[PDB]
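Trainee: What follows is input_6.cif, made up of mmCIF, N, CA and C atoms:
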data_work
loop_
_atom_site.group_PDB
_atom_site.id
_atom_site.type_symbol
_atom_site.label_atom_id
_atom_site.label_comp_id
_atom_site.auth_asym_id
_atom_site.auth_seq_id
_atom_site.Cartn_x
_atom_site.Cartn_y
_atom_site.Cartn_z
ATOM 1 N N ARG H 1 75.643 23.465 -59.330
ATOM 2 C CA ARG H 1 76.895 24.201 -59.457
ATOM 3 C C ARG H 1 77.019 24.813 -60.851
ATOM 4 N N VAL H 2 77.797 25.885 -60.939
ATOM 5 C CA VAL H 2 77.983 26.620 -62.183
ATOM 6 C C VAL H 2 78.897 25.886 -63.163
ATOM 7 N N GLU H 3 78.642 26.084 -64.453
ATOM 8 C CA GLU H 3 79.553 25.671 -65.510
ATOM 9 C C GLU H 3 79.682 26.824 -66.498
ATOM 10 N N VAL H 4 80.905 27.304 -66.688
ATOM 11 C CA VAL H 4 81.128 28.547 -67.417
ATOM 12 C C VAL H 4 82.416 28.483 -68.242
ATOM 13 N N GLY H 5 82.457 29.235 -69.340
ATOM 14 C CA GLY H 5 83.633 29.287 -70.189
ATOM 15 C C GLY H 5 83.398 28.727 -71.579
ATOM 16 N N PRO H 6 84.335 28.990 -72.502
ATOM 17 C CA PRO H 6 84.252 28.534 -73.895
ATOM 18 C C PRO H 6 84.491 27.038 -74.047
ATOM 19 N N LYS H 7 83.835 26.244 -73.210
ATOM 20 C CA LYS H 7 83.992 24.799 -73.245
ATOM 21 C C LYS H 7 82.745 24.108 -73.783
ATOM 22 N N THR H 8 82.956 23.000 -74.484
ATOM 23 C CA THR H 8 81.864 22.175 -74.979
ATOM 24 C C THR H 8 81.539 21.083 -73.964
ATOM 25 N N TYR H 9 81.634 21.444 -72.689
ATOM 26 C CA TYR H 9 81.476 20.501 -71.589
ATOM 27 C C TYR H 9 80.126 19.794 -71.620
ATOM 28 N N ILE H 10 80.145 18.532 -72.038
ATOM 29 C CA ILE H 10 78.941 17.711 -72.072
ATOM 30 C C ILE H 10 78.461 17.384 -70.663
ATOM 31 N N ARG H 11 77.147 17.363 -70.477
ATOM 32 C CA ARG H 11 76.573 16.980 -69.194
ATOM 33 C C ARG H 11 76.697 15.480 -68.945
ATOM 34 N N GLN H 12 76.945 15.111 -67.694
ATOM 35 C CA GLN H 12 76.821 13.723 -67.271
ATOM 36 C C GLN H 12 75.344 13.377 -67.119
ATOM 37 N N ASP H 13 75.006 12.106 -67.309
ATOM 38 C CA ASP H 13 73.613 11.675 -67.252
ATOM 39 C C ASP H 13 73.003 11.892 -65.872
ATOM 40 N N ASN H 14 73.820 11.761 -64.831
ATOM 41 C CA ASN H 14 73.358 12.019 -63.473
ATOM 42 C C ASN H 14 73.010 13.489 -63.277
ATOM 43 N N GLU H 15 73.745 14.351 -63.970
ATOM 44 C CA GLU H 15 73.484 15.782 -63.955
ATOM 45 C C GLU H 15 72.322 16.156 -64.863
ATOM 46 N N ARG H 16 71.675 17.275 -64.557
ATOM 47 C CA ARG H 16 70.637 17.807 -65.429
ATOM 48 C C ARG H 16 70.833 19.303 -65.648
ATOM 49 N N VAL H 17 70.809 19.716 -66.911
ATOM 50 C CA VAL H 17 70.971 21.120 -67.267
ATOM 51 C C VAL H 17 69.613 21.799 -67.396
ATOM 52 N N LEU H 18 69.294 22.654 -66.429
ATOM 53 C CA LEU H 18 67.974 23.269 -66.348
ATOM 54 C C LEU H 18 67.668 24.233 -67.491
ATOM 55 N N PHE H 19 68.700 24.833 -68.077
ATOM 56 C CA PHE H 19 68.470 25.892 -69.056
ATOM 57 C C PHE H 19 69.612 26.107 -70.045
ATOM 58 N N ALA H 20 69.284 26.771 -71.150
ATOM 59 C CA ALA H 20 70.260 27.142 -72.168
ATOM 60 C C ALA H 20 71.234 28.181 -71.615
ATOM 61 N N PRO H 21 72.497 28.142 -72.072
ATOM 62 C CA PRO H 21 73.575 28.998 -71.559
ATOM 63 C C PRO H 21 73.222 30.482 -71.496
ATOM 64 N N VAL H 22 72.828 30.938 -70.311
ATOM 65 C CA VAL H 22 72.529 32.345 -70.073
ATOM 66 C C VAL H 22 73.797 33.188 -70.180
ATOM 67 N N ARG H 23 73.667 34.385 -70.747
ATOM 68 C CA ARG H 23 74.788 35.310 -70.871
ATOM 69 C C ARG H 23 75.308 35.717 -69.498
ATOM 70 N N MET H 24 76.629 35.755 -69.352
ATOM 71 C CA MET H 24 77.246 36.211 -68.114
ATOM 72 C C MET H 24 76.877 37.668 -67.889
ATOM 73 N N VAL H 25 76.576 38.028 -66.644
ATOM 74 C CA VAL H 25 76.105 39.376 -66.350
ATOM 75 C C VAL H 25 77.174 40.401 -66.695
ATOM 76 N N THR H 26 76.766 41.457 -67.389
ATOM 77 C CA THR H 26 77.688 42.514 -67.770
ATOM 78 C C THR H 26 77.415 43.763 -66.948
ATOM 79 N N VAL H 27 78.475 44.349 -66.405
ATOM 80 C CA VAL H 27 78.344 45.574 -65.633
ATOM 81 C C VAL H 27 79.132 46.724 -66.261
ATOM 82 N N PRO H 28 78.416 47.629 -66.936
ATOM 83 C CA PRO H 28 78.971 48.808 -67.607
ATOM 84 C C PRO H 28 79.628 49.763 -66.620
ATOM 85 N N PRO H 29 80.667 50.481 -67.059
ATOM 86 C CA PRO H 29 81.328 51.464 -66.195
ATOM 87 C C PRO H 29 80.357 52.560 -65.765
ATOM 88 N N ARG H 30 80.520 53.050 -64.538
ATOM 89 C CA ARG H 30 79.600 54.016 -63.943
ATOM 90 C C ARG H 30 78.180 53.459 -63.898
ATOM 91 N N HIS H 31 78.072 52.193 -63.501
ATOM 92 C CA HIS H 31 76.787 51.523 -63.340
ATOM 93 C C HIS H 31 76.860 50.558 -62.164
ATOM 94 N N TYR H 32 75.707 50.069 -61.718
ATOM 95 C CA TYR H 32 75.667 49.207 -60.544
ATOM 96 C C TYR H 32 74.533 48.187 -60.602
ATOM 97 N N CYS H 33 74.636 47.157 -59.769
ATOM 98 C CA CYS H 33 73.610 46.121 -59.686
ATOM 99 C C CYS H 33 73.611 45.470 -58.308
ATOM 100 N N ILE H 34 72.471 44.911 -57.917
ATOM 101 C CA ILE H 34 72.343 44.272 -56.613
ATOM 102 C C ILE H 34 71.717 42.886 -56.747
ATOM 103 N N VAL H 35 72.293 41.908 -56.054
ATOM 104 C CA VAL H 35 71.801 40.535 -56.110
ATOM 105 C C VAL H 35 71.533 39.961 -54.719
ATOM 106 N N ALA H 36 70.293 39.542 -54.492
ATOM 107 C CA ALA H 36 69.899 38.913 -53.237
ATOM 108 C C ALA H 36 70.461 37.498 -53.133
ATOM 109 N N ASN H 37 70.654 37.043 -51.899
ATOM 110 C CA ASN H 37 71.294 35.760 -51.602
ATOM 111 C C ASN H 37 72.634 35.569 -52.313
ATOM 112 N N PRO H 38 73.586 36.482 -52.070
ATOM 113 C CA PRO H 38 74.921 36.422 -52.669
ATOM 114 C C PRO H 38 75.709 35.207 -52.205
ATOM 115 N N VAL H 39 76.573 34.691 -53.071
ATOM 116 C CA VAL H 39 77.510 33.655 -52.664
ATOM 117 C C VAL H 39 78.507 34.202 -51.646
ATOM 118 N N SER H 40 78.869 33.369 -50.678
ATOM 119 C CA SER H 40 79.822 33.759 -49.645
ATOM 120 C C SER H 40 81.222 33.901 -50.226
ATOM 121 N N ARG H 41 82.032 34.760 -49.612
ATOM 122 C CA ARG H 41 83.399 34.978 -50.067
ATOM 123 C C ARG H 41 84.371 35.078 -48.895
ATOM 124 N N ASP H 42 85.625 34.721 -49.150
ATOM 125 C CA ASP H 42 86.666 34.751 -48.128
ATOM 126 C C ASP H 42 87.439 36.067 -48.145
ATOM 127 N N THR H 43 88.598 36.074 -47.492
ATOM 128 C CA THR H 43 89.476 37.238 -47.490
ATOM 129 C C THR H 43 90.007 37.519 -48.890
ATOM 130 N N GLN H 44 90.099 36.464 -49.693
ATOM 131 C CA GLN H 44 90.505 36.582 -51.086
ATOM 132 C C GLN H 44 89.311 37.018 -51.932
ATOM 133 N N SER H 45 88.138 37.025 -51.301
ATOM 134 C CA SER H 45 86.863 37.302 -51.959
ATOM 135 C C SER H 45 86.592 36.308 -53.086
ATOM 136 N N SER H 46 87.194 35.130 -52.973
ATOM 137 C CA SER H 46 86.895 34.020 -53.866
ATOM 138 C C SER H 46 85.570 33.387 -53.464
ATOM 139 N N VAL H 47 84.867 32.812 -54.433
ATOM 140 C CA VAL H 47 83.604 32.143 -54.153
ATOM 141 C C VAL H 47 83.846 30.936 -53.250
ATOM 142 N N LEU H 48 83.011 30.780 -52.226
ATOM 143 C CA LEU H 48 83.174 29.686 -51.273
ATOM 144 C C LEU H 48 82.028 28.686 -51.360
ATOM 145 N N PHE H 49 82.283 27.562 -52.018
ATOM 146 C CA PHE H 49 81.301 26.491 -52.116
ATOM 147 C C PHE H 49 81.008 25.880 -50.749
ATOM 148 N N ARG A 1 81.073 -2.070 -60.148
ATOM 149 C CA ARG A 1 81.606 -2.464 -58.850
ATOM 150 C C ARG A 1 80.565 -3.252 -58.057
ATOM 151 N N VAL A 2 81.050 -4.083 -57.142
ATOM 152 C CA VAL A 2 80.197 -4.945 -56.335
ATOM 153 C C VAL A 2 79.462 -4.177 -55.237
ATOM 154 N N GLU A 3 78.267 -4.652 -54.897
ATOM 155 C CA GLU A 3 77.546 -4.203 -53.716
ATOM 156 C C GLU A 3 77.010 -5.433 -52.994
ATOM 157 N N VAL A 4 77.411 -5.603 -51.740
ATOM 158 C CA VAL A 4 77.165 -6.851 -51.026
ATOM 159 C C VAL A 4 76.880 -6.595 -49.544
ATOM 160 N N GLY A 5 76.109 -7.486 -48.924
ATOM 161 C CA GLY A 5 75.792 -7.374 -47.512
ATOM 162 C C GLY A 5 74.318 -7.141 -47.243
ATOM 163 N N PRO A 6 73.902 -7.304 -45.978
ATOM 164 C CA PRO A 6 72.507 -7.131 -45.554
ATOM 165 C C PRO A 6 72.068 -5.673 -45.533
ATOM 166 N N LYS A 7 72.370 -4.947 -46.601
ATOM 167 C CA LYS A 7 72.019 -3.540 -46.694
ATOM 168 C C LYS A 7 70.903 -3.301 -47.705
ATOM 169 N N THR A 8 70.064 -2.313 -47.415
ATOM 170 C CA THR A 8 69.008 -1.898 -48.328
ATOM 171 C C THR A 8 69.513 -0.772 -49.225
ATOM 172 N N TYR A 9 70.782 -0.872 -49.606
ATOM 173 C CA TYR A 9 71.461 0.171 -50.364
ATOM 174 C C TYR A 9 70.758 0.485 -51.680
ATOM 175 N N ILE A 10 70.061 1.618 -51.706
ATOM 176 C CA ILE A 10 69.379 2.077 -52.908
ATOM 177 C C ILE A 10 70.378 2.504 -53.977
ATOM 178 N N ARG A 11 70.060 2.212 -55.233
ATOM 179 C CA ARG A 11 70.899 2.645 -56.342
ATOM 180 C C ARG A 11 70.776 4.146 -56.591
ATOM 181 N N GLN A 12 71.888 4.775 -56.950
ATOM 182 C CA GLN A 12 71.858 6.134 -57.474
ATOM 183 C C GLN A 12 71.367 6.103 -58.917
ATOM 184 N N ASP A 13 70.741 7.190 -59.358
ATOM 185 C CA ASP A 13 70.172 7.246 -60.700
ATOM 186 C C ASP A 13 71.241 7.117 -61.780
ATOM 187 N N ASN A 14 72.435 7.632 -61.503
ATOM 188 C CA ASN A 14 73.548 7.498 -62.434
ATOM 189 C C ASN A 14 73.981 6.045 -62.575
ATOM 190 N N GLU A 15 73.853 5.299 -61.483
ATOM 191 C CA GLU A 15 74.146 3.874 -61.478
ATOM 192 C C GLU A 15 73.009 3.060 -62.077
ATOM 193 N N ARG A 16 73.338 1.881 -62.591
ATOM 194 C CA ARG A 16 72.320 0.955 -63.067
ATOM 195 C C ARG A 16 72.586 -0.453 -62.545
ATOM 196 N N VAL A 17 71.556 -1.068 -61.973
ATOM 197 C CA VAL A 17 71.663 -2.420 -61.440
ATOM 198 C C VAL A 17 71.231 -3.442 -62.485
ATOM 199 N N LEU A 18 72.202 -4.172 -63.024
ATOM 200 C CA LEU A 18 71.954 -5.086 -64.132
ATOM 201 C C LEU A 18 71.073 -6.278 -63.768
ATOM 202 N N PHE A 19 71.081 -6.679 -62.500
ATOM 203 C CA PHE A 19 70.399 -7.912 -62.119
ATOM 204 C C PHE A 19 69.986 -7.988 -60.652
ATOM 205 N N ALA A 20 69.052 -8.893 -60.374
ATOM 206 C CA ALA A 20 68.594 -9.165 -59.017
ATOM 207 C C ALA A 20 69.715 -9.803 -58.197
ATOM 208 N N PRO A 21 69.756 -9.516 -56.886
ATOM 209 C CA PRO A 21 70.830 -9.959 -55.987
ATOM 210 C C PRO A 21 71.145 -11.450 -56.074
ATOM 211 N N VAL A 22 72.180 -11.784 -56.840
ATOM 212 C CA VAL A 22 72.651 -13.157 -56.965
ATOM 213 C C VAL A 22 73.238 -13.646 -55.642
ATOM 214 N N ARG A 23 72.996 -14.914 -55.319
ATOM 215 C CA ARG A 23 73.534 -15.521 -54.108
ATOM 216 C C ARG A 23 75.058 -15.538 -54.141
ATOM 217 N N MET A 24 75.679 -15.204 -53.014
ATOM 218 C CA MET A 24 77.130 -15.264 -52.897
ATOM 219 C C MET A 24 77.577 -16.706 -53.070
ATOM 220 N N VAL A 25 78.674 -16.914 -53.794
ATOM 221 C CA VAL A 25 79.118 -18.267 -54.106
ATOM 222 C C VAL A 25 79.466 -19.020 -52.832
ATOM 223 N N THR A 26 78.972 -20.249 -52.728
ATOM 224 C CA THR A 26 79.243 -21.078 -51.566
ATOM 225 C C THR A 26 80.205 -22.195 -51.936
ATOM 226 N N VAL A 27 81.228 -22.382 -51.113
ATOM 227 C CA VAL A 27 82.191 -23.448 -51.341
ATOM 228 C C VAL A 27 82.217 -24.443 -50.179
ATOM 229 N N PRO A 28 81.589 -25.605 -50.385
ATOM 230 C CA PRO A 28 81.499 -26.695 -49.409
ATOM 231 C C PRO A 28 82.870 -27.261 -49.067
ATOM 232 N N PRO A 29 83.043 -27.748 -47.833
ATOM 233 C CA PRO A 29 84.312 -28.361 -47.432
ATOM 234 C C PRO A 29 84.630 -29.582 -48.290
ATOM 235 N N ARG A 30 85.914 -29.795 -48.569
ATOM 236 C CA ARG A 30 86.364 -30.851 -49.472
ATOM 237 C C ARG A 30 85.741 -30.685 -50.856
ATOM 238 N N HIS A 31 85.726 -29.443 -51.333
ATOM 239 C CA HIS A 31 85.228 -29.114 -52.664
ATOM 240 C C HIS A 31 86.053 -27.977 -53.251
ATOM 241 N N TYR A 32 85.905 -27.737 -54.550
ATOM 242 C CA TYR A 32 86.715 -26.727 -55.219
ATOM 243 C C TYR A 32 85.984 -26.065 -56.383
ATOM 244 N N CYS A 33 86.498 -24.916 -56.813
ATOM 245 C CA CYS A 33 85.928 -24.187 -57.941
ATOM 246 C C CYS A 33 86.991 -23.332 -58.622
ATOM 247 N N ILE A 34 86.779 -23.031 -59.899
ATOM 248 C CA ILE A 34 87.732 -22.234 -60.662
ATOM 249 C C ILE A 34 87.022 -21.104 -61.404
ATOM 250 N N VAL A 35 87.596 -19.906 -61.343
ATOM 251 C CA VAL A 35 87.009 -18.739 -61.995
ATOM 252 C C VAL A 35 88.005 -18.026 -62.908
ATOM 253 N N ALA A 36 87.647 -17.913 -64.183
ATOM 254 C CA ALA A 36 88.462 -17.203 -65.162
ATOM 255 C C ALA A 36 88.389 -15.694 -64.945
ATOM 256 N N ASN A 37 89.445 -15.001 -65.362
ATOM 257 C CA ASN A 37 89.608 -13.564 -65.132
ATOM 258 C C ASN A 37 89.410 -13.155 -63.672
ATOM 259 N N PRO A 38 90.212 -13.732 -62.765
ATOM 260 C CA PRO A 38 90.148 -13.429 -61.334
ATOM 261 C C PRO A 38 90.532 -11.989 -61.029
ATOM 262 N N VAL A 39 89.938 -11.421 -59.987
ATOM 263 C CA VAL A 39 90.372 -10.123 -59.494
ATOM 264 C C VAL A 39 91.788 -10.208 -58.931
ATOM 265 N N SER A 40 92.568 -9.157 -59.150
ATOM 266 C CA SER A 40 93.940 -9.102 -58.660
ATOM 267 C C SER A 40 93.967 -8.971 -57.143
ATOM 268 N N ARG A 41 95.035 -9.470 -56.526
ATOM 269 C CA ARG A 41 95.183 -9.398 -55.078
ATOM 270 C C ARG A 41 96.610 -9.039 -54.677
ATOM 271 N N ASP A 42 96.747 -8.416 -53.511
ATOM 272 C CA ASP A 42 98.047 -7.999 -52.999
ATOM 273 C C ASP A 42 98.657 -9.049 -52.075
ATOM 274 N N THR A 43 99.664 -8.642 -51.309
ATOM 275 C CA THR A 43 100.289 -9.519 -50.324
ATOM 276 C C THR A 43 99.304 -9.887 -49.222
ATOM 277 N N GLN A 44 98.344 -8.998 -48.988
ATOM 278 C CA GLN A 44 97.278 -9.242 -48.028
ATOM 279 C C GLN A 44 96.200 -10.112 -48.671
ATOM 280 N N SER A 45 96.339 -10.317 -49.980
ATOM 281 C CA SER A 45 95.359 -11.026 -50.800
ATOM 282 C C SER A 45 93.994 -10.345 -50.745
ATOM 283 N N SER A 46 94.006 -9.050 -50.455
ATOM 284 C CA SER A 46 92.809 -8.226 -50.544
ATOM 285 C C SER A 46 92.521 -7.902 -52.003
ATOM 286 N N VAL A 47 91.249 -7.705 -52.329
ATOM 287 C CA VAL A 47 90.864 -7.351 -53.688
ATOM 288 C C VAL A 47 91.445 -5.986 -54.052
ATOM 289 N N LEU A 48 92.015 -5.881 -55.249
ATOM 290 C CA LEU A 48 92.641 -4.637 -55.685
ATOM 291 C C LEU A 48 91.885 -4.000 -56.845
ATOM 292 N N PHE A 49 91.096 -2.978 -56.537
ATOM 293 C CA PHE A 49 90.372 -2.234 -57.558
ATOM 294 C C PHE A 49 91.328 -1.496 -58.491
#
Output the file's structure as structure tokens, nothing else.
Mentor:
Amino acid sequence: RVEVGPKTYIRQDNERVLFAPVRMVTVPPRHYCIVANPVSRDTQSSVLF
Amino acid sequence: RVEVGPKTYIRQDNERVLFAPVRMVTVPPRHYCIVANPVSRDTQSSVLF
């Protein structure tokens, strides 16, 4: 699962952090991007775990 | 927390098992025992976590 934001959220020992904090994807105006295997979304288009 | 019964319940990695399965305390008829720092109990005298 994702962990995001200006938090110093320490990992639990049961958890494992695979990588250093990757930059959140930025999408410039008048630009586009495509991602395979997208997360599902509802009518609110909220992420659905 | 306790884990008891004829189960092959494997430990989770986050969990740690301090010791080998100690025998459940046996209390013979016409005998008695006393334990300091008893677990709390309700009106049902069920264990209260």
Trainee: Have a look at CA of residue 41 (chain A) and CA of residue 14 (chain A) and let me know their distance in Å, one decimal.
Mentor: 28.4 Å
Trainee: Counting only C-alpha atoms, which residue out of A:12, A:3, A:43, A:19 sits closest to chain H?
Mentor: A:12
Trainee: So how far away is CA of residue 24 (chain H) from CA of residue 4 (chain H), in Å?
Mentor: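 So the answer is 8.6 Å.
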Trainee: What's the separation between CA of residue 9 (chain H) and CA of residue 27 (chain H), in Å to one decimal place?
Mentor: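 Distance reported for this atom pair: 26.0 Å.
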Trainee: Rebuild region 19-39 of chain H so that it carries N, CA, C and O atoms, then output the result as a PDB file, keeping the file's coordinate frame.
Mentor:
ATOM      1  N   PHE H  19      68.700  24.833 -68.077  1.00  0.00           N
ATOM      2  CA  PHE H  19      68.470  25.892 -69.056  1.00  0.00           C
ATOM      3  C   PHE H  19      69.612  26.107 -70.045  1.00  0.00           C
ATOM      4  O   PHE H  19      70.748  25.695 -69.812  1.00  0.00           O
ATOM      5  N   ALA H  20      69.284  26.771 -71.150  1.00  0.00           N
ATOM      6  CA  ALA H  20      70.260  27.142 -72.168  1.00  0.00           C
ATOM      7  C   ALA H  20      71.234  28.181 -71.615  1.00  0.00           C
ATOM      8  O   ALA H  20      70.850  29.004 -70.786  1.00  0.00           O
ATOM      9  N   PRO H  21      72.497  28.142 -72.072  1.00  0.00           N
ATOM     10  CA  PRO H  21      73.575  28.998 -71.559  1.00  0.00           C
ATOM     11  C   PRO H  21      73.222  30.482 -71.496  1.00  0.00           C
ATOM     12  O   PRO H  21      73.308  31.187 -72.501  1.00  0.00           O
ATOM     13  N   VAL H  22      72.828  30.938 -70.311  1.00  0.00           N
ATOM     14  CA  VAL H  22      72.529  32.345 -70.073  1.00  0.00           C
ATOM     15  C   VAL H  22      73.797  33.188 -70.180  1.00  0.00           C
ATOM     16  O   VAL H  22      74.871  32.758 -69.759  1.00  0.00           O
ATOM     17  N   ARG H  23      73.667  34.385 -70.747  1.00  0.00           N
ATOM     18  CA  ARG H  23      74.788  35.310 -70.871  1.00  0.00           C
ATOM     19  C   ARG H  23      75.308  35.717 -69.498  1.00  0.00           C
ATOM     20  O   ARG H  23      74.524  35.990 -68.590  1.00  0.00           O
ATOM     21  N   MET H  24      76.629  35.755 -69.352  1.00  0.00           N
ATOM     22  CA  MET H  24      77.246  36.211 -68.114  1.00  0.00           C
ATOM     23  C   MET H  24      76.877  37.668 -67.889  1.00  0.00           C
ATOM     24  O   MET H  24      76.856  38.454 -68.838  1.00  0.00           O
ATOM     25  N   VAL H  25      76.576  38.028 -66.644  1.00  0.00           N
ATOM     26  CA  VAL H  25      76.105  39.376 -66.350  1.00  0.00           C
ATOM     27  C   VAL H  25      77.174  40.401 -66.695  1.00  0.00           C
ATOM     28  O   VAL H  25      78.338  40.245 -66.331  1.00  0.00           O
ATOM     29  N   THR H  26      76.766  41.457 -67.389  1.00  0.00           N
ATOM     30  CA  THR H  26      77.688  42.514 -67.770  1.00  0.00           C
ATOM     31  C   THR H  26      77.415  43.763 -66.948  1.00  0.00           C
ATOM     32  O   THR H  26      76.270  44.186 -66.805  1.00  0.00           O
ATOM     33  N   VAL H  27      78.475  44.349 -66.405  1.00  0.00           N
ATOM     34  CA  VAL H  27      78.344  45.574 -65.633  1.00  0.00           C
ATOM     35  C   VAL H  27      79.132  46.724 -66.261  1.00  0.00           C
ATOM     36  O   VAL H  27      80.356  46.797 -66.155  1.00  0.00           O
ATOM     37  N   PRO H  28      78.416  47.629 -66.936  1.00  0.00           N
ATOM     38  CA  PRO H  28      78.971  48.808 -67.607  1.00  0.00           C
ATOM     39  C   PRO H  28      79.628  49.763 -66.620  1.00  0.00           C
ATOM     40  O   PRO H  28      79.218  49.815 -65.463  1.00  0.00           O
ATOM     41  N   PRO H  29      80.667  50.481 -67.059  1.00  0.00           N
ATOM     42  CA  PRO H  29      81.328  51.464 -66.195  1.00  0.00           C
ATOM     43  C   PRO H  29      80.357  52.560 -65.765  1.00  0.00           C
ATOM     44  O   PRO H  29      79.479  52.931 -66.544  1.00  0.00           O
ATOM     45  N   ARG H  30      80.520  53.050 -64.538  1.00  0.00           N
ATOM     46  CA  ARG H  30      79.600  54.016 -63.943  1.00  0.00           C
ATOM     47  C   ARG H  30      78.180  53.459 -63.898  1.00  0.00           C
ATOM     48  O   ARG H  30      77.214  54.153 -64.211  1.00  0.00           O
ATOM     49  N   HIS H  31      78.072  52.193 -63.501  1.00  0.00           N
ATOM     50  CA  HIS H  31      76.787  51.523 -63.340  1.00  0.00           C
ATOM     51  C   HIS H  31      76.860  50.558 -62.164  1.00  0.00           C
ATOM     52  O   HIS H  31      77.944  50.264 -61.663  1.00  0.00           O
ATOM     53  N   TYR H  32      75.707  50.069 -61.718  1.00  0.00           N
ATOM     54  CA  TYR H  32      75.667  49.207 -60.544  1.00  0.00           C
ATOM     55  C   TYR H  32      74.533  48.187 -60.602  1.00  0.00           C
ATOM     56  O   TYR H  32      73.593  48.333 -61.384  1.00  0.00           O
ATOM     57  N   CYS H  33      74.636  47.157 -59.769  1.00  0.00           N
ATOM     58  CA  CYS H  33      73.610  46.121 -59.686  1.00  0.00           C
ATOM     59  C   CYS H  33      73.611  45.470 -58.308  1.00  0.00           C
ATOM     60  O   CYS H  33      74.626  45.472 -57.612  1.00  0.00           O
ATOM     61  N   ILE H  34      72.471  44.911 -57.917  1.00  0.00           N
ATOM     62  CA  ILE H  34      72.343  44.272 -56.613  1.00  0.00           C
ATOM     63  C   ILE H  34      71.717  42.886 -56.747  1.00  0.00           C
ATOM     64  O   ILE H  34      70.731  42.710 -57.464  1.00  0.00           O
ATOM     65  N   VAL H  35      72.293  41.908 -56.054  1.00  0.00           N
ATOM     66  CA  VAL H  35      71.801  40.535 -56.110  1.00  0.00           C
ATOM     67  C   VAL H  35      71.533  39.961 -54.719  1.00  0.00           C
ATOM     68  O   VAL H  35      72.429  39.901 -53.876  1.00  0.00           O
ATOM     69  N   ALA H  36      70.293  39.542 -54.492  1.00  0.00           N
ATOM     70  CA  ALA H  36      69.899  38.913 -53.237  1.00  0.00           C
ATOM     71  C   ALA H  36      70.461  37.498 -53.133  1.00  0.00           C
ATOM     72  O   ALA H  36      70.701  36.840 -54.147  1.00  0.00           O
ATOM     73  N   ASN H  37      70.654  37.043 -51.899  1.00  0.00           N
ATOM     74  CA  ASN H  37      71.294  35.760 -51.602  1.00  0.00           C
ATOM     75  C   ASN H  37      72.634  35.569 -52.313  1.00  0.00           C
ATOM     76  O   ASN H  37      72.807  34.611 -53.068  1.00  0.00           O
ATOM     77  N   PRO H  38      73.586  36.482 -52.070  1.00  0.00           N
ATOM     78  CA  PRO H  38      74.921  36.422 -52.669  1.00  0.00           C
ATOM     79  C   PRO H  38      75.709  35.207 -52.205  1.00  0.00           C
ATOM     80  O   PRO H  38      75.523  34.747 -51.080  1.00  0.00           O
ATOM     81  N   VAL H  39      76.573  34.691 -53.071  1.00  0.00           N
ATOM     82  CA  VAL H  39      77.510  33.655 -52.664  1.00  0.00           C
ATOM     83  C   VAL H  39      78.507  34.202 -51.646  1.00  0.00           C
ATOM     84  O   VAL H  39      78.925  35.357 -51.728  1.00  0.00           O
TER      85      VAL H  39
END
